[PDB]
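The block underneath contains the structure these notes are about, expressed in structure tokens.
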Amino acid sequence: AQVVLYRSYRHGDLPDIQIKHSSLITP
Amino acid sequence: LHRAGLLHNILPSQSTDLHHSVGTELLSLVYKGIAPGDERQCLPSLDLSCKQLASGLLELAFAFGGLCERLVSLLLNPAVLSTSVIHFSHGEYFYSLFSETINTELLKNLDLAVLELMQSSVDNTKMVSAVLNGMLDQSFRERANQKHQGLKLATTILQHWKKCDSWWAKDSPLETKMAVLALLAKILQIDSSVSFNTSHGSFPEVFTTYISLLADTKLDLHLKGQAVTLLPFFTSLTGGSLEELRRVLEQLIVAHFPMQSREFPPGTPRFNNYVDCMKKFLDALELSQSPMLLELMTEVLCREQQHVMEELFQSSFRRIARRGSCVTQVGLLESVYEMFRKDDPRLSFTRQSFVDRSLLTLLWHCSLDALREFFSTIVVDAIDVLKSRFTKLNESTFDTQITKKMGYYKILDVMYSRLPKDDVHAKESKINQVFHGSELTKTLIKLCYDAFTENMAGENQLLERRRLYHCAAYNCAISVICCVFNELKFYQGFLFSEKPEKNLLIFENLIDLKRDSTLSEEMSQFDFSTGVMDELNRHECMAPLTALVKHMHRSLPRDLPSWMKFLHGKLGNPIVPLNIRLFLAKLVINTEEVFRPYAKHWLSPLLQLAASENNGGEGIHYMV
Amino acid sequence: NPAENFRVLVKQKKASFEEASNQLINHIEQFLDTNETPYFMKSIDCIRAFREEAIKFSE
Amino acid sequence: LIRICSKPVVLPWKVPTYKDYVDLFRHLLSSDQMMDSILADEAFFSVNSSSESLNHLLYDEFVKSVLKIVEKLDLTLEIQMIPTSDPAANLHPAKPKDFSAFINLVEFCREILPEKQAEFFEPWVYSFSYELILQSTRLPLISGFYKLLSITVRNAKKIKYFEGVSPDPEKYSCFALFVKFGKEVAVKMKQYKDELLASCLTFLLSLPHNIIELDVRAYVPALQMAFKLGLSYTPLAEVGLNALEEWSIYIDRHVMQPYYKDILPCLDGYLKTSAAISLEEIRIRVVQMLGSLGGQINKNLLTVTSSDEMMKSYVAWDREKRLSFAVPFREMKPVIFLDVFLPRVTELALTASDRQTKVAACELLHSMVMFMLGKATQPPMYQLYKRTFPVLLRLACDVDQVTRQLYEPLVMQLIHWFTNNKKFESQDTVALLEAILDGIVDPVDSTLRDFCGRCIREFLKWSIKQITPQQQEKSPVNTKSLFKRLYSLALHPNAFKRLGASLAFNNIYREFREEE
């Protein structure tokens with residue numbers, strides 16, 4: 001088989017709570 | 001205690017120099033416990049724990065001295081033992097059991113024991129071979145731990161080698177001779193060449209023995225063929241014997257090796273012996289890289305066409321060129337050259353085989369800055385030959401001369417494809433021994449060009465030869481135009497009534513017919529212990545002209561250079577021979593990319609030909 | 001080397017066997033430039049023996 | 001044989017393999033249907049010495065050859081910026097070719113050795129062990145010893161060598177030597193990992209009753225962990241049940257039942273999940289063997305109950321529901337609390353099949369922790385932090401390099417956030433306490449202890465550039481209180497904290513050495 005994935009979140013020094021609802025919706 | 005070294009303080013009084021306190025029990029246990037006889041026993045029982053305890057007590061006994069002569073006497077007991085009625089001796093049996101401890105002991109004391117064994121070896125040989133095999137295998141396992149061991153063993157052997165006359169005497173059994181051959185080969189492969197090859201001790205004597213066995217008619221082809229493998233340690237530090245080696249191996253070759261190998265098909269025993277001997281000689285010579293044997297090899301190679309699996313020797317040539325010191329390989333080059341420019345009345349085809357089957361793949365993989373010195377040495381002689389020997393025509397000897405010229409032209413092609421024009425250039429050339437050795441490079445262009453171009457004489461006794469001659473002239477022109485005159489406006493042969501291309505191409509030929517590791521080291525150690533394209537071949541110039549096309553491309557819209565403009569005029573006139581047209585068409589096929597913007601101009605010449613004509617048969621062929 | 005081979009072959013039957021002539025020729029022309037003088041001596045001695053054989057029978 | 005040790009390995013003309021020979025040596029071990037024909041067609045065995053079955057000599061010659069070969073071959077490892085904790089890590093073979101060939105030979109012999117009846121092996125059962133014990137004493141980290149001695153003791157029990165041992169002098173010495181070796185390797189069991197842990201399990205679980213009768217309580221946790229791993233790998237449970245039958249039939253129920261309380265329960269999950277060796281015949285085996293016992297005897301699988309709050313985990317991670325979320329829609333936005341999902345999603349992110357349930361669970365947990373971080377700008381999740389971040393550090397050191405690659409940047413980002421001035425008081429204290437009191441104390445998870453070491457080492461950064469030292473003094477949290485906590489853990493009698501503190505400083509070396 002092989003991996004499946006849906007979001008490689010952006011990299012920084014802190015999280016960005018600017019992310020939309022859809023990102024929490026899909027998982 | 002022995003590691004402490006206070007054994008003698010506790011040793012009981014030895015009435016004799018013999019360590020009887022340990023020697024008596026040694027004999028009374030080893031010669032009785034294993035003996036099936038004297039008690040009507042069937043090999044009295046022994047245990048593995050008893051075996052390791054025996055190894056321990058034997059190294060204990062070796063901690064005692066003054067026993068070597070006793071051990072020699074005990075092992076030299078051909079007292080036969082009977083098991084169930086088969087028979088075998090006793091001392092050899094015990095040695096076969098405990099060769100490990102025996103070899104350790106003989107390592108401890110060697111020179112006296114070696115001398116006693118080998119002076120008493122005039123009658124018996126087998127355990128001598130076995131013990132020396134143990135010596136070599138132990139010291140070759142331990143060669144990362146001690147190195148002087150085998151060296152001093154070799155010195156001791158060479159010190160007394162004359163007693164080996166029971167072996168290699170030309171009335172001894174063939175088994176005896178091949179056994180002594182095996183043991184000497186082993187001891188020499190563990191030894192360094194410098195420790196032996198220098199004129200010292202028995203090296204002249206054992207060398208004469210080696211010659212005598214290599215000259216022994218009692219030995220057959222195969223035996224001496226296996227013997228010759230130690231050549232790399234005899235190729236150097238030999239003087240006067242070199243011609244002796246030459247004569248002996250020459251008589252061996254002439255009395256044992258037929259000129260043709262295909263006459264005996266695979267499965268012929270002599271054919272298989274032939275191939276095994278050539279392989280053995282090849283690998284040993286490649287290890288040696290001695291100029292003399294290289295001459296022997298280049299003269300056995302080139303005596304026919306496609307008769308000795310030449311590709312293996314090409315691989316050997318490229319391997320040798322990739323290796324070897326500069327001065328050594330240079331000397332090999334002059335050695336292979338000396339008879340090649342010599343006037344030995346070789347057959348023209350045979351001599352061109354000499355040059356072709358070696359030199360091209362020799363230099364094609366050889367490192368430069370060593371080839372240059374050879375070129376400087378040979379340039380004067382080569383140009384002197386290339387400026388002379390044209391007058392006579394009326395026998396095949398001049399065909400041989402012009403064949404040597406062919407060789408000159410094609411070799412000039414092949415090595416000038418490799419070098420820039422810095423030491424060979426106009427007005428500055430450190431290597432120009434013709435002019436000053438400091439300027440002149442221009443005469444050679446005219447000299448090769450006027451040879452390449454010739455108004456076709458009505459007579460030609462060397463049709464294929466003169467054809468390939470003008471081919472080789474064009475090839476050296478290809479090289480000199482690849483490295484010199486790289487500017488635009490190159491030259492094409494025909495100007496007026498000279499017709500150069502017809503002396504390059506064969507006619508009346510049906511052409512283009514229808515379509516490391518300790519375990520690996522130990523394994524090698526025990527092994528030494530036992531001592532074990534069609535339409536691209538129809539011509540030659542397709543690759544050089546593809547190189548020329550890519551070279552001018554590197555030097556580089558309806559653009560039409562003059563030469564390819566004539567090639568448009570060419571291929572469009574059916575009156576010119578269709579063979580010339582199909583050759584040039586193949587060359588155009590090989591390099592379509594430059595003609596891609598100009599194929600519209602090229603449409604008329606390719607279109608005009610083959611509308612209804614032949615292309616080496618009818619229609620469908622390998623080129624559509 | 002086929003020299004003694006055809007020598008044995010003919011003396012088995014005391015025949016001419018012109019293939020013997022071809023093979024002995026092939027062993028002969030080789031000594032034109034090469035210093036195979038030992039091999040030339042071998043060939044000529046085989047020729048001596050085959051000449052004796054030719055004296056024997058109708059050869 | 002040293003040729004055959006150069007074969008290619010297999011994973012759990014064309015290039016050959018070891019198996020291409022194994023049957024042949026069985027055919028060589030069973031050369032009784034083939035030498036019979038040769039001796040029948042021959043009449044030479046009148047003045048000949050022997051006419052017996054030489055398969056015994058075949059086995060002896062093979063054994064002496066392999067003995068001297070393994071004595072010849074040698075195996076060793078080497079090391080290697082960053083120090084490593086466990087001696088099983090930072091190991092690189094000095095000559096890996098020897099390791100590979102040793103592999104080749106061990107999985108070559110593993111099938112050939114046991115099939116033949118071991119009366120041929122009887123004279124070796126002592127000797128073959130001794131130097132091999134030597135080979136184990138100098139190099140106690142080799143799986144071959146354990147598994148080859150497993151098949152060795154199987155052959156010995158096929159011959160019954162350990163029967164009637166003195167409380168024969170040779171039998172007495174060999175039995176005592178194996179007893180002491182078995183007890184010491186049982187003690188050392190705890191430090192081994194897979195492909196080395198499993199092998200020594202097969203070893204210390206293949207021994208005959210003559211040794212189990214001496215000691216049981218030491219093997220009780222060994223049996224527990226072996227059977228909890230047999231769920232993941234059935235052969236462990238299979239040989240475990242075989243050993244259980246061996247000693248249970250052979251030893252009276254007078255000294256094992258005080259341990260039956262904690263002996264039995266580790267089997268429950270075998271029969272709770274489903275309706276060569278498969279879990280189904282595993283269960284059917286335990287089925288009849290359990291029924292062979294009496295009622296009160298097999299009542300002790302329910303004894304694991306003191307952790308009923310641990311299996312419960314239904315104590316609210318956040319007592320009040322602080323994870324309100326209105327799903328965006330057209331005319332309806334139900335407000336949903338996410339505290340109830342925490343236990344189930346924890347065991348999904350930890351234990352899930354298809355290898356894709358875990359990654360989607362990771363995605364949702366990223367999203368939901370992100371949403372609760374956004375929400376926190378309005379409740380005390382003190383209890384939530386204490387109870388939830390330990391499983392986060394549990395998943396920090398997951399074998400999945402994808403998981404660590406996902407998680408460690410988040411770890412360092414939350415480090416940046418926590419050691420900031422606005423997050424340096426009274427809300428990081430819960431996170432720091434739960435993160436230090438778990439993950440370094442564990443008897444397992446050396447990788448987790450190392451990861452904690454590295455993350456605290458990098459936590460030193462931004463503990464000095466985001467907090468001015470005067471604020472470190474004003475805030476009750478400072479280097480001094482950390483020093484007292486480190487001293488208190490270091491002095492703790494449990495050696496886990498001692499190794500944790502020593503390894504913590506070993507990590508902070510090249511970082512604390514710059515402190516002046």
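Identifiers in the structure tokens: chain A, B, ... in order shown; residue index from 1 per chain; ligand index from 1 in order shown.
For chain B, the residues no farther than 9 Å from chain C when using only C-alpha atoms are residues 250, 251, 254, 255, 256, 257, 258, 259, 344, 345, 346 and 347 of chain B.
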Going by DSSP on the backbone, which residues of chain C come out as helix (DSSP H, G or I)? List them as an mmCIF file with C-alpha atoms, in the first residue's frame.
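Written file, result-v4.cif:
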data_model
loop_
_atom_site.group_PDB
_atom_site.id
_atom_site.type_symbol
_atom_site.label_atom_id
_atom_site.label_comp_id
_atom_site.auth_asym_id
_atom_site.auth_seq_id
_atom_site.Cartn_x
_atom_site.Cartn_y
_atom_site.Cartn_z
ATOM 1 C CA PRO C 2 48.331 -33.069 -37.660
ATOM 2 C CA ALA C 3 51.534 -34.115 -39.473
ATOM 3 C CA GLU C 4 52.112 -37.192 -37.315
ATOM 4 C CA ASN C 5 48.320 -37.556 -37.225
ATOM 5 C CA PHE C 6 48.041 -38.177 -40.958
ATOM 6 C CA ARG C 7 51.289 -40.160 -40.822
ATOM 7 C CA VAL C 8 49.629 -42.596 -38.410
ATOM 8 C CA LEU C 9 46.404 -42.468 -40.432
ATOM 9 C CA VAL C 10 48.146 -43.462 -43.667
ATOM 10 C CA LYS C 11 50.478 -46.066 -42.149
ATOM 11 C CA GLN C 12 47.342 -47.655 -40.690
ATOM 12 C CA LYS C 13 46.270 -48.229 -44.315
ATOM 13 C CA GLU C 19 44.290 -34.412 -47.166
ATOM 14 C CA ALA C 20 47.632 -35.343 -45.608
ATOM 15 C CA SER C 21 49.306 -33.283 -48.342
ATOM 16 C CA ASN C 22 47.043 -30.311 -47.588
ATOM 17 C CA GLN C 23 47.645 -30.507 -43.832
ATOM 18 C CA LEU C 24 51.416 -30.867 -44.212
ATOM 19 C CA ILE C 25 51.371 -27.883 -46.574
ATOM 20 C CA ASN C 26 49.427 -25.875 -43.969
ATOM 21 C CA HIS C 27 52.127 -26.804 -41.452
ATOM 22 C CA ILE C 28 54.741 -25.742 -44.028
ATOM 23 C CA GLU C 29 53.922 -22.255 -45.281
ATOM 24 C CA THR C 37 62.848 -23.042 -37.003
ATOM 25 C CA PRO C 38 62.264 -25.759 -34.347
ATOM 26 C CA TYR C 39 58.805 -26.243 -35.858
ATOM 27 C CA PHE C 40 60.335 -26.194 -39.342
ATOM 28 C CA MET C 41 62.726 -28.948 -38.217
ATOM 29 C CA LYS C 42 59.743 -30.884 -36.861
ATOM 30 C CA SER C 43 57.918 -30.498 -40.183
ATOM 31 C CA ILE C 44 60.931 -31.538 -42.260
ATOM 32 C CA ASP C 45 61.563 -34.576 -40.032
ATOM 33 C CA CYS C 46 57.920 -35.571 -40.476
ATOM 34 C CA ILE C 47 58.604 -35.145 -44.204
ATOM 35 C CA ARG C 48 61.580 -37.516 -43.904
ATOM 36 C CA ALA C 49 59.369 -40.125 -42.235
ATOM 37 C CA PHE C 50 56.586 -39.662 -44.791
ATOM 38 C CA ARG C 51 59.142 -39.920 -47.607
ATOM 39 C CA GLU C 52 60.284 -43.247 -46.172
ATOM 40 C CA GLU C 53 56.620 -44.284 -46.126
ATOM 41 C CA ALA C 54 56.276 -43.132 -49.745
ATOM 42 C CA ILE C 55 59.257 -45.347 -50.563
ATOM 43 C CA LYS C 56 57.366 -48.210 -48.902
#
Can you pull out every residue within 9 Å of segment 34-38 of chain D, counting only C-alpha atoms, but drop anything in the same chain fewer than 5 positions away, and send it as a short mmCIF file (atom, residue, chain, number, x, y, z; two decimals) with N, CA, C and O atoms, in the first residue's frame?
data_model
loop_
_atom_site.label_atom_id
_atom_site.label_comp_id
_atom_site.auth_asym_id
_atom_site.auth_seq_id
_atom_site.Cartn_x
_atom_site.Cartn_y
_atom_site.Cartn_z
N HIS D 27 17.54 -33.89 3.71
CA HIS D 27 17.85 -35.06 2.89
C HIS D 27 19.20 -35.64 3.26
O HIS D 27 19.41 -36.85 3.17
N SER D 53 24.47 -46.79 9.89
CA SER D 53 23.82 -45.58 9.38
C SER D 53 24.69 -44.39 9.74
O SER D 53 24.90 -44.09 10.92
N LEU D 54 25.21 -43.71 8.72
CA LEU D 54 26.19 -42.65 8.93
C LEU D 54 25.57 -41.29 9.20
O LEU D 54 26.31 -40.32 9.39
#
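The protein and nucleic acid residues lying at most 12 Å from residue 170 of chain D are residues 123, 125, 126, 127, 161, 162, 164, 176 and 177 of chain D, with only C-alpha atoms considered and sequence neighbours fewer than 6 positions away removed.
With atom CA of residue 359 of chain B on one side and atom CA of residue 414 of chain B on the other, the separation reads 9.5 Å.
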Contact check, chain D to chain A, at most 9 Å, counting only C-alpha atoms, closest pairs as CSV:
residue,atom,partner,partner_atom,distance
D:327,CA,A:25,CA,8.8
D:328,CA,A:21,CA,8.2
D:355,CA,A:3,CA,8.0
D:356,CA,A:4,CA,6.7
D:359,CA,A:5,CA,7.1
D:360,CA,A:27,CA,5.7
D:361,CA,A:27,CA,7.2
D:362,CA,A:27,CA,8.7
D:363,CA,A:27,CA,6.0
D:364,CA,A:27,CA,5.0
D:365,CA,A:27,CA,8.8
D:366,CA,A:24,CA,8.4
D:367,CA,A:24,CA,5.0
D:368,CA,A:24,CA,7.0
D:370,CA,A:17,CA,7.0
D:371,CA,A:17,CA,7.7
D:373,CA,A:17,CA,8.4
D:374,CA,A:17,CA,6.6
D:406,CA,A:8,CA,8.4
D:409,CA,A:11,CA,7.7
D:410,CA,A:14,CA,8.0
D:412,CA,A:13,CA,7.8
D:413,CA,A:14,CA,4.9
D:414,CA,A:14,CA,6.8
D:416,CA,A:13,CA,6.9
D:417,CA,A:14,CA,6.7
